[PDB]
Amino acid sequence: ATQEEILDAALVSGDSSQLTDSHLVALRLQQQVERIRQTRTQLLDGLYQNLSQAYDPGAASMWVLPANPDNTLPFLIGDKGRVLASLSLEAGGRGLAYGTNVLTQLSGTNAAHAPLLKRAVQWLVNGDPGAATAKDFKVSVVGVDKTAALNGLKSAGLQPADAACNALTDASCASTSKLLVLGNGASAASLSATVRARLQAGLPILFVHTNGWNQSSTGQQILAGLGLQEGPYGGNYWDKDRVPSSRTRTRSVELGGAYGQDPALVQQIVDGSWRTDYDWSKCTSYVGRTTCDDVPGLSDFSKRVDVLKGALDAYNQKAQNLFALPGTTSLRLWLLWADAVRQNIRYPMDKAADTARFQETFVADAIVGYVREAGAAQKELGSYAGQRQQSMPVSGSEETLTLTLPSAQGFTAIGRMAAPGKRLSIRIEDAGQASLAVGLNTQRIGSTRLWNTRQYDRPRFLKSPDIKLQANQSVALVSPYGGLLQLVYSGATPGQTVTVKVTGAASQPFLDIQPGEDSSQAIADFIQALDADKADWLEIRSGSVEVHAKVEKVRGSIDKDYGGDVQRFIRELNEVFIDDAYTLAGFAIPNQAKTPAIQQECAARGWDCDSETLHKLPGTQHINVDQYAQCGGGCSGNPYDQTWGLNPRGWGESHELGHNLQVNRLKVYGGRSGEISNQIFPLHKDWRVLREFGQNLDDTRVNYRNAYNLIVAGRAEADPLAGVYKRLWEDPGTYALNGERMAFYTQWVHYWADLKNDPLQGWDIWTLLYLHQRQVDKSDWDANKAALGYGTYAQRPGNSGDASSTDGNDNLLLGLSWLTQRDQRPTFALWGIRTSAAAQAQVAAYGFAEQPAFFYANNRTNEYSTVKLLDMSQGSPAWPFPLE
C-alpha cells in the first residue's frame, strides 16, 4: 500500500505502524489548518461587517473558550487576549456562548453590542448573519429568566415570540422552535449529550453564563455540549477584559482565524525552514547542565510547541482516544505526523550541527498520544533503551496484581511494562476511595540534556502524562517508547490495597520484597530475570524505597562494588542502606521489633513507641538510576536521581534518603541545618560499616577540629552565644560549614554512649529523639504533653523550618534534656544555639542537675574509640590530638 493509503487508514484507526512519510502528513495538515482558517474568517467577517465590536462583560463574567478547534472558534477576544464569547459549528449545528447575560445589558452597558448581536442571532436562526429573522420567530428560553431574555432580543431590533415550550427537554418543541436560549438554571438528563444532540439536529442554541465570576457545572456541561469550555477559576474578575470601540474588522477576523492555530509552524515543517542562526553563545551552564532560556527567539518557539503538547495531553490526561472522538482531524494529523517523524529519528543530535533534525524532533517529542488501540514504536531509543526493550515479549493473557499504597498520595510501581508500539489494556478494581491514574516512566525533564553539546540522545518527555482511570473501566494504551508502568494515587488510606488487571504488558526484572516475610523466592526470581537479560530497565521495591533503574548501571555497580556478587548487593541494599536508615528513625517496621535498649527506654519513659498511628513507615521515596539526572550527575527530589549506579554503602544514596527523613523540630536554626540534619543517616551507615565490614568510608566528613577552633574563638566574645553563632550558623550558604555543623550532631552520640556506658548504644539517642518528635508532632497534646517533657505548654509547639525560628532549637534542647535527664543549656550556649523563653522555663521545670558545657573531640569520623572528652565549663582546653 502507498504512504497515502496508510495515512488515510490511520486517520480512522490511529495505526501509524507503516506511516513513515512525515512530509506527506505535513502537507495534509497544511491544508486542514488552512480550511479551518478560511471557514472561520469568512464567518467572522460576515458577522462583524463594519459594526462596532464594543463588548464589556465586566469583572462579573467568565471566559468561554473553544475546546474542539476544528469546529469551534472565538467571537469576542478582549484586548488582553481573553476569549469572552465563542461560536460553535459542532456536529454541523450553530451555537454561540457568552460569559455573562448579555441579553440583560442591551439597553445599558452593552447598548453598542446590539447591532452585532442582531447579526449573530440572524446567523443562529438562518445560517446567514445578513438574513432577517421572520416576525414572531419562536424562541424557547430555558434556565434563565424568559421575559428579560425576550426583551433583550427585542432591544436588539428583533421580533421574537415566546415558543412557550422547553426545547432542551421536549423534542417536539425543539423541532418547531427557531432558537433556544440556555442559562445555568436548566434541568435535563445527560445535559452535555442532550445539548449535542439538539445542536446536531439543527436547533440553534444561544448560551449565557448566569453566575458572574463563579464557575457552573451546569454551564460547563452545556458548553461541552457545544464543543466549548468554561475558563479558569476567577473568570474576568482580575483582568476585566473587553473589546474596545476601536477594534477593527480586520484585526478580530485575523485573531479569530489564528487562535489556537500555528500555520507558521506547519509551514516551517513543510519547507524544512528551520532556524540556522540561533545564538547559542547565550546558553549557560550550571553544574554540567546546559540551558538556553536567553537565546533570542528560543522561548517563543518552545512556548508555541507547549501549546500543541498541552492540547494533546488534555486528551491523554482524561484517557480519551483521539481517533474515537469526532471533529479532531487537525490533532489527529499532528499526532500521525509526530509518529512518522519518530520512524526516522536518529541520535545523537546537536543544536548547532543538526539544526533541521534537532528542531523538528523537538516539536515531534512534544506530541505523543498514548490512548489508542494501535500505533507505532519509535525506531531508535538512543540513551534511554535499545533492542532488548523493543523485543520484550508481552502477556497475551490477562494478569492480576495486588498493590499496597503506603501513604495517602503518590505513585508506586505496578511491576509491568508497556512494550514499544504494542497495545496494552489496563483497569483497576477494589480501590475503595482512592483516586487513580496510570502513567509511564519516572524520568524528570532535565534528564534529557538536549542543550548539552551532542546530547539530544533520547526523547524529551519519557515520562507520560498521568492518565486518569475509573473504577472498573478499561483503558487501551500504546507507547512509542515502552515504559515502566506506575499507579498514581491520591485520597487513599495508608495500608490499603488496589487490584490491577493488565493484558498485553511485558515483565521487566522486578524485585518485590514482601514486608516482614521471607523473600527468598522473590530474590532468586529476580536474579533469574536479570540473568535472562531481556530488559533495558528494572525496578526494585523494598520497604518505603522504590528504585527505577537502567539495567546496565545496576550491573556496573554489582561488578565494581560487589565483584558480581548479586546476593550480597541485594542483602546490603535491604539491610545496610534501607533498613539502616528507617531503623535509625524509629519507624514501625513489620515483623521487626525495636532493640532492647530502645524498648526499655520507651518503657521507662512510658511512651508509645510502636503504634502505626504515630510511627508508620512514611510515603515511598523513589530513586532513579540512569545515564542522566535532572541536575548535575545527581539531583535531590522524589525521585532523587543518580548517574553513577547504585551502591548500598554509598554516601549519596543515604544523604538523599536522609532528606526525605528530615523533620523541622530536629534542625538547628532551620535551613542552616538543611544539609546537616540529614547527615545522621550516612554517618550512621559508615560507622556501622567500619565495625561490621572494615571499609573506612568518608572518614573526614565530621570536622571536630575546626568546629572547636570556631567555638573557642566565638566564646571569648562579650556575648559568647552570639560569638559562636556568628562563626558557625550565621553563614546562609547552602553547604556552608557543613563538616563543622555536623560535629554538633555527633556530640550527642558520644554523650549517650558514655551515659549508657556502651559504645554500641550511642546512636540510639537520635532514634529516641525521632520517636519523641513524632509524639510531639501528632499525639493528642493535652493527653501526652506531660510524658514528653512539655507540661508547661498550653499548645503544641510550632514546626517552622525558618532560620530565624527557635522551633528546632527549642525541641532539641527539650528532647535532649528530657532524655538525658540533665539541663543541657550550657552545651547549647557553647554551640551558639539560642532558645525561646518558654523552652528555657520548661527545662528549669524538669529540675535536673545542670550538665556543664562539654565537647567531644576526635581526629576521625567513623572510629569512636579515640574520642576524647573536654570539660569546657572552666575555660577552653588545648585541642587534644597532635598536628600536623
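Residue positions are given as counts along the sequence shown, with the first one as 1.
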Segment of higher mean CA temperature factor, 639-647 or 613-621
613-621
Using only the Cα atoms and their B-factors as the entry lists them, report which of 402-410 and 503-511 averages higher.
402-410
Going by the CA temperature factor in the entry, name the top one among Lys756, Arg357, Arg444, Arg332.
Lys756
Select one of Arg449, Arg423, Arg705, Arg665: the residue whose C-alpha shows the highest B-factor in the crystal structure entry.
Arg423
Binned into thirds over the chain's modelled residues, the C-alpha B-factor of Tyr562 lands in the highest
Based on the deposited C-alpha B factors for this chain, I'd like to know if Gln433 is in the lowest, middle or highest third.
highest
For the chain shown, is the CA B-factor of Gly832 in the lowest, middle or highest third of its modelled residues?
lowest
Third of the chain's Cα B-factor distribution that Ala161 belongs to, per the entry
highest
Is the Cα B-factor recorded for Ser865 in the lowest, middle or highest third of its chain?
middle
